[PDB]
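Worksheet: one structure, shown below.
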Amino acid sequence: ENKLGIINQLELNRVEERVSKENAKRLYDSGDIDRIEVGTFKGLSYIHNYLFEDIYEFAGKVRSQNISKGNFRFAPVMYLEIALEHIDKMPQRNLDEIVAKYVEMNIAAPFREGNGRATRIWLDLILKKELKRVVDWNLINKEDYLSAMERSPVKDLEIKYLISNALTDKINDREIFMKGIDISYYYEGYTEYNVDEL
Amino acid sequence: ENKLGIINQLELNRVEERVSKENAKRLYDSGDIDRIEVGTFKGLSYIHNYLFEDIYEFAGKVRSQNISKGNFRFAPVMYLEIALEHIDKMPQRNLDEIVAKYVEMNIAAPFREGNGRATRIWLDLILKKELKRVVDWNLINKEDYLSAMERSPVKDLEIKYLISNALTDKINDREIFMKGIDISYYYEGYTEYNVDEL
Amino acid sequence: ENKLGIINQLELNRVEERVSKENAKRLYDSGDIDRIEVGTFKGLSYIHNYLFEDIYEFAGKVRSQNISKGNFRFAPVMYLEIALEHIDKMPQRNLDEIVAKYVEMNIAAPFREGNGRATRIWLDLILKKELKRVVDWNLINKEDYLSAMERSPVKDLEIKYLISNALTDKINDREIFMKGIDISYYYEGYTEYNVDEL
Amino acid sequence: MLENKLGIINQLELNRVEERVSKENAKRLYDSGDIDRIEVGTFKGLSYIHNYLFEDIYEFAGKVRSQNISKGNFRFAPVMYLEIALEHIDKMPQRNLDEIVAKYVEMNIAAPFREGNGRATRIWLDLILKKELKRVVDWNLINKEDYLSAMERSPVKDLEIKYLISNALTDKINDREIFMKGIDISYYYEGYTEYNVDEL
């Protein structure tokens, strides 16, 4: 279900990876990433549209159906408008409040697809603005990340620990961002490209 | 925080069990249980107030704070009004729909405390009206019940199975109701009294 | 790490699917599938080797290190032989005992890879011998299957329900088998081929 | 319901007497100084603790179980692995908090006795911490719900229970009140609240 002419899911995986990773590279290199609202659904939507507007019509738009990914209980549509407004007002002064806000937005998962990758970019911008840190994503193991996120609605200690131990002060390091993009796509199983070669 | 003069949590547990079980016995014997709206938040609120109004000021009222217990998130206050209106509109024609409705009201957990006991009484009333059955709670083990309830937000098959294999047609049997009250309190850890001896 | 020199994971996935599916087709059509020990590790090892001896060494052989999948707690290597001996002696007289045996063998997961596909074939042979049934895998939705398997060490009701509702007496229906092979590969994410065209 | 050395046929009364008698034994275990002459960190020592607490009540006290036991959200070790599992736990290191918590988590999964594993193993844990870190747990600093949730999570990831333990560590390793309060809280974790050990 896409804007390109793709009827095969494996081909769509490769093409989505390549086009959206191209867009992520441009998001950083043009400086556009630094002109978006931080910590808000408007900003998250801007990121998501930027990554995916060529591939999906729903890019940047709040979904209309429920989503089902494993046994994780995402927000049902009926709470979604309420949830995002709540998240727009949550504080983000320190690591606890930032992780708590990230966990709430992960539960809300407002888009049909692409929530994890877009929201990881959004999280790094919150960390940069409020703590002058970003996540070095090579300091977070993939299985530990996925397990910690699935656990996070009950207790966010695991995800907090991973993030806190992966914090770096190199908030303008192009290499940290670009490799963070490759790792973020690897978490969701897309590994056909390296973003820096696009 | 209670209407009595109690500073000890264990004494509060003791008196809460005794008073609310006395009220449950009266709810059945007076016939008041037969005059309640079935399957709605209005009826559930009536039950909860009836059990707990001597002990807690919030009895029968939707909570204003979040509650956090076990391995899945109950509805946060900000969703509660939407959730209860939705639950009022859910169907209750067969066991599948009754169990799905019970699972959603358990997730809603609209009161500050006492959700489990009130909602089990409420469930028996839905079963009595729509299937001419009640639950024989002596046919549901505590460990099995708790495990199945914790699983139900993901998949209600386990709780559906326990409930259906405990269904009895003795829907006016006083002793089934009374033992059901003692068992329902045992599920939550209250065992100091026997309801028929109160 | 494989018998061909394939260094790309997406490439290996393609050839592993096609070759091993050819071996599965031959396993059924040659009738060899009917002369393998039913319900024992020896029989499972024969199935696994038959599927994977062309692609992987160690095919049919007990793994030597621990394996992980998500948070699932598979048997550690140091207990594996004990587990396999225990599983060889588990009974298989009715559906309950067969599902329980299948759940223990899923936990044992004795091979480095290919446990799910080999063990699903092994399960169908146990069912055919003991109940004169096989599973119509078309009646078991994928997400329901994976969730049920993850749940099964705690409570095997979900997988038992899915299997019990997918049982067919068409134990010589060649397409039920071959489609079962395609669906079983889809469970693990291999979707490039239809075995009957191989 | 379990066979017991008293003539008790009602589970609620067995709960009451078990709580009373075994809490009495725990008080005497500490006050007699016997707790200081137990092997630390091995199944032999845990077995000694368990027998001390429960031998008046249960024949199986201090003994490896012969059947599986099943509760909660993860499988305890099955009997067929139990001897090997305990042998392994005996050899696990305990030099720092990470290793002690990992060892405690493995022993909680092993759950070698028919019943009473949680209470005996918490005493066993405190003795390990006292020997290797010169700390014990101030159990008043670990909430019940937090404790139980962290334990259920621990076979997957021991971070939550490690956090609770480390943030409750105290150096008062000979404070009798810390111990006695720990006994009452440890029994509260499992739902036994009819007595206070110091009032026994």
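How things are named: the first chain in the structure tokens is A, the next is B, and so on; residues count from 1 in each chain; ligands count from 1 in the order shown.
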
With 12 Å as the limit and counting only C-alpha atoms, what residues in chain D lie close to chain C? Please list them as a count of residues only. 24

Over all order-paired Cα atoms, chain C deviates from chain A after least-squares fitting by an RMSD of 0.2 Å

Chain C residues within 9 Å of chain B, counting only C-alpha atoms: which ones, as a list in words?
-> residues 155, 157, 158 and 161 of chain C

Would you output that residue set with N, CA, C and O atoms, as a PDB file, in the first residue's frame?
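Final output, selection.pdb:
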ATOM      1  N   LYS C 155       1.679 -21.177  30.011  1.00  0.00           N
ATOM      2  CA  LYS C 155       0.355 -21.773  29.886  1.00  0.00           C
ATOM      3  C   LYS C 155       0.164 -22.156  28.420  1.00  0.00           C
ATOM      4  O   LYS C 155       0.239 -21.284  27.547  1.00  0.00           O
ATOM      5  N   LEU C 157      -2.484 -23.293  26.830  1.00  0.00           N
ATOM      6  CA  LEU C 157      -3.864 -23.248  26.349  1.00  0.00           C
ATOM      7  C   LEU C 157      -3.991 -22.590  24.976  1.00  0.00           C
ATOM      8  O   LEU C 157      -4.802 -23.021  24.148  1.00  0.00           O
ATOM      9  N   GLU C 158      -3.258 -21.506  24.730  1.00  0.00           N
ATOM     10  CA  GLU C 158      -3.441 -20.803  23.463  1.00  0.00           C
ATOM     11  C   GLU C 158      -3.004 -21.654  22.272  1.00  0.00           C
ATOM     12  O   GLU C 158      -3.738 -21.766  21.276  1.00  0.00           O
ATOM     13  N   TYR C 161      -5.353 -24.561  21.782  1.00  0.00           N
ATOM     14  CA  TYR C 161      -6.598 -24.167  21.136  1.00  0.00           C
ATOM     15  C   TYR C 161      -6.409 -24.027  19.628  1.00  0.00           C
ATOM     16  O   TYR C 161      -7.223 -24.534  18.843  1.00  0.00           O
TER      17      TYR C 161
END

task: For residue 45 in chain C, list every protein, DNA or RNA residue within 9 Å, evaluated using only C-alpha atoms, and leave out those in the same chain fewer than 2 positions away; present the list as a list in words.
output: residues 40, 41, 42, 43, 47, 48, 49, 50, 59, 60, 61, 62, 111 and 118 of chain C

For those residues, write N, CA, C and O atoms to a file as an mmCIF file, in the first residue's frame.
data_model
loop_
_atom_site.group_PDB
_atom_site.id
_atom_site.type_symbol
_atom_site.label_atom_id
_atom_site.label_comp_id
_atom_site.auth_asym_id
_atom_site.auth_seq_id
_atom_site.Cartn_x
_atom_site.Cartn_y
_atom_site.Cartn_z
ATOM 1 N N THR C 40 10.474 -38.596 18.692
ATOM 2 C CA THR C 40 11.720 -38.732 19.427
ATOM 3 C C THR C 40 12.708 -37.722 18.878
ATOM 4 O O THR C 40 12.506 -37.164 17.795
ATOM 5 N N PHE C 41 13.775 -37.461 19.638
ATOM 6 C CA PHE C 41 14.797 -36.577 19.097
ATOM 7 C C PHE C 41 15.469 -37.183 17.864
ATOM 8 O O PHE C 41 15.760 -36.470 16.905
ATOM 9 N N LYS C 42 15.705 -38.494 17.856
ATOM 10 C CA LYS C 42 16.265 -39.133 16.664
ATOM 11 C C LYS C 42 15.455 -38.775 15.428
ATOM 12 O O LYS C 42 16.010 -38.334 14.418
ATOM 13 N N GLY C 43 14.129 -38.856 15.520
ATOM 14 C CA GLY C 43 13.306 -38.498 14.376
ATOM 15 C C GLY C 43 13.407 -37.026 14.004
ATOM 16 O O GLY C 43 13.476 -36.687 12.816
ATOM 17 N N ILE C 47 14.699 -35.288 10.504
ATOM 18 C CA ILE C 47 14.007 -34.234 9.753
ATOM 19 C C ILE C 47 14.928 -33.035 9.529
ATOM 20 O O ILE C 47 15.028 -32.488 8.421
ATOM 21 N N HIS C 48 15.589 -32.587 10.587
ATOM 22 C CA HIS C 48 16.395 -31.379 10.482
ATOM 23 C C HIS C 48 17.554 -31.578 9.516
ATOM 24 O O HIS C 48 17.812 -30.725 8.658
ATOM 25 N N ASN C 49 18.254 -32.706 9.633
ATOM 26 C CA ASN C 49 19.338 -33.006 8.702
ATOM 27 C C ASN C 49 18.827 -33.045 7.270
ATOM 28 O O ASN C 49 19.395 -32.403 6.384
ATOM 29 N N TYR C 50 17.707 -33.733 7.044
ATOM 30 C CA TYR C 50 17.141 -33.820 5.700
ATOM 31 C C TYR C 50 16.897 -32.429 5.119
ATOM 32 O O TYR C 50 17.211 -32.170 3.951
ATOM 33 N N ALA C 59 23.856 -29.827 10.811
ATOM 34 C CA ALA C 59 22.459 -30.165 10.575
ATOM 35 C C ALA C 59 22.153 -31.493 11.252
ATOM 36 O O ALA C 59 22.937 -32.440 11.161
ATOM 37 N N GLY C 60 21.029 -31.554 11.961
ATOM 38 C CA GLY C 60 20.674 -32.754 12.690
ATOM 39 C C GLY C 60 21.452 -32.970 13.969
ATOM 40 O O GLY C 60 21.232 -33.978 14.650
ATOM 41 N N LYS C 61 22.373 -32.075 14.306
ATOM 42 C CA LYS C 61 23.269 -32.245 15.441
ATOM 43 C C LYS C 61 22.892 -31.291 16.571
ATOM 44 O O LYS C 61 22.493 -30.152 16.321
ATOM 45 N N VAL C 62 23.038 -31.766 17.811
ATOM 46 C CA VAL C 62 22.734 -30.947 18.980
ATOM 47 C C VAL C 62 23.642 -29.727 18.998
ATOM 48 O O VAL C 62 24.862 -29.836 18.820
ATOM 49 N N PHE C 111 18.714 -27.410 17.944
ATOM 50 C CA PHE C 111 19.615 -27.083 16.839
ATOM 51 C C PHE C 111 20.012 -25.609 16.849
ATOM 52 O O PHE C 111 19.324 -24.757 17.418
ATOM 53 N N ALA C 118 11.599 -27.598 11.474
ATOM 54 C CA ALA C 118 11.782 -29.031 11.697
ATOM 55 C C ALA C 118 10.786 -29.537 12.726
ATOM 56 O O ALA C 118 10.071 -30.520 12.487
#

For residue 26 in chain C, which of C:183, C:178, C:84, C:12 is the closest residue, counting only C-alpha atoms?
->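 Residue with the minimum atom-to-atom distance to residue 26 in chain C: C:178.
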